[PDB]
Structure formats: structure tokens, C-alpha cells
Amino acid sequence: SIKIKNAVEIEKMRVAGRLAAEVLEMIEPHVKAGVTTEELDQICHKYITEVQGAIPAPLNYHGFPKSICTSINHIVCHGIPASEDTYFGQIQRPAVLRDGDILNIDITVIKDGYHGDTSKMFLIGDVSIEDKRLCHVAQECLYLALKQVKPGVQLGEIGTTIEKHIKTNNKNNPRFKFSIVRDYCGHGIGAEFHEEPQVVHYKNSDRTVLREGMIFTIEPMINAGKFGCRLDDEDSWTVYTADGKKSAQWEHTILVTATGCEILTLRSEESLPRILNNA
């Protein structure tokens, strides 16, 4: 059952989404070669708890051992902040940022019982053209999906729009060909982290109709190689590309408006409007 938020819930979700964006704005100057993901987790936990008077959701309700998810390079999602690089058998489980890395920081804040969920890519020092393209095309996927959202649109149009963009990029850029992760989806979000509906990022024909007052996440994960992932059996959380190529993701929490959508997690650096009129 999908929740339609009332005026009061929308204003609390607006506050939680602004707070989630603010964490990502605050952390940026700390993100550089030689910093551990553990340090970023400490800086974010202190800011969320002591400055924002909010809660980091992963730590408190999801059984996650830390306050933020930090996914580097071939990590797709749910990277665990740590003070040292470890190994999942022969697979690197990184925690220390190096020149050339891409980094996803995923933030989920609760403020007065409502969730704000968002993530972005950081480019660490001199990043390859390949890796810049991957991060840039992943954000184009999110932006283009957002431009399809308005009351009356079927949910399947989101993944169809993302897969159309990736098929177009693959036709026009066969040196930089990408795939869409199938294992993880966007979701209704509000008083509860995981609400209806599920939002897949690949071509599908889900007939669920978007309505004004629905709030959900769009969070496409784009792989530089094949679509498949592998779960870390040792730490229960770290998701790797099955082929060891890099993966990039961007996430926004969005409110369906009368004529389009509101990006509740929009950041100050983004050249996307806070409110899209898609009618």
C-alpha cells in the first residue's frame, strides 16, 4: 500500500530531505586522497547528531554498523566505513581514498520521525575519462527519470527512460558502454525507510500510477561492465560488481507535485530545479 503524505508530513519530509542534502554539502571538503571512510562516518555522525539534532537511520534501525554508506570504485552500494583496506577473499574491500577513486556517500537522516535519503559521487584527484563518464551518465539517468515524473505517469516509465538513456549512450559511445544493476531498487519512503512502491531502474511495464503526495527514491546504479553484483558473505553488506569494474550511483528523495516533482534532497551545487513542471 503506497502512502499519500498530508501537508504536515510533506513539511517534515522537506526538512529531512534538506538535512540529508546538507550532510553531503558539509562533508565535501573532507573528501580527498588519504582520508579513511571511518573518518567521514565520524564527521557525518557528529554533524547529524550534534548540529542537525537528527538520527542516522542505517546505524539505529537497519543493523548497519555505521552512520553512512561509503562505496568506492567496484563497490556498488552498502560500503562500510573502515580505518583500513581489507579483502573479501581476493576482492579488495577499500576504506582509504586514493587518487583516481570514485566515492558514493549515501546518507539517510531521520528528523521528527521522517526520512531523507540521498547519495552522490565524489571524484578523488585526477580521475580517468572512463570513470568521469560513468559518474556523469549515472547522474543523467537520474535527471532524465525525474523529468518523466508527474501524476498519471506509470512507474514503469522511470526504468524505461533510464534503460533508453543507457541504450543510447552504448550506441553513441561503444568505448564507454554501461549496464543497469537489477538487484536493487528505489522505494516509497516516509515515516518508514522501506515503503511501497519498489522503483526498478531497467525497462519494465509496472502499471502503478504516480499520484500527487507520493514520496519515493530514484537511485540508479550504473556498472562500467556487466550488470551482475556479488554480496560480501563475510560482512553481510558490501555489494561488489561481479566483474570487478566500477559502479556509480546518485539518489534523490522526490515528492510528486500537481505538475511534476519536488527534489527534497536537491543540493546547492546541482543545476537541476528543485521543482520540475513536467506537464
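Just count from 1 along the sequence shown to find any residue number.
Chemist: Look over 1-9 and 270-278 in the entry and identify the one with the greater average Cα temperature factor.
Modeler: The stretch with the larger average C-alpha B-factor is 1-9.
Chemist: Mean C-alpha B factor from the entry: is it higher for 189-197 or for 76-84?
Modeler: The stretch with the larger average C-alpha B-factor is 189-197.
Chemist: Per the entry's Cα B factor values, which of 120, 147, 167, 136 stands out as the maximum?
Modeler: The C-alpha B-factor peaks, among 120, 147, 167, 136, at 167.
Chemist: Maximum C-alpha temperature factor per the entry, among 249, 49, 37, 241, belongs to which one?
Modeler: Largest recorded C-alpha B-factor: 49.
Chemist: Using the temperature factors of the C-alpha atoms in this entry, rank residue 61 within its chain: lowest, middle or highest third.
Modeler: For residue 61, whose C-alpha B-factor we compare with every modelled residue in the chain, the answer is the highest third.
Chemist: Would the CA B-factor of residue 126 place it in the lowest, middle or highest third of its chain?
Modeler: CA B-factor rank for residue 126: highest third.
Chemist: Quick one: classify residue 160 as lowest, middle or highest third of the chain based on its Cα B-factor.
Modeler: It falls in the middle third of the chain.
Chemist: Of the three thirds of its chain by CA temperature factor, lowest, middle or highest, which one includes residue 97?
Modeler: Tercile = middle for this residue's CA B-factor.
Chemist: Can you work out whether the C-alpha temperature factor of residue 90 puts it in the lowest, middle or highest third of the chain?
Modeler: Residue 90: CA B-factor falls in the highest third of its chain.
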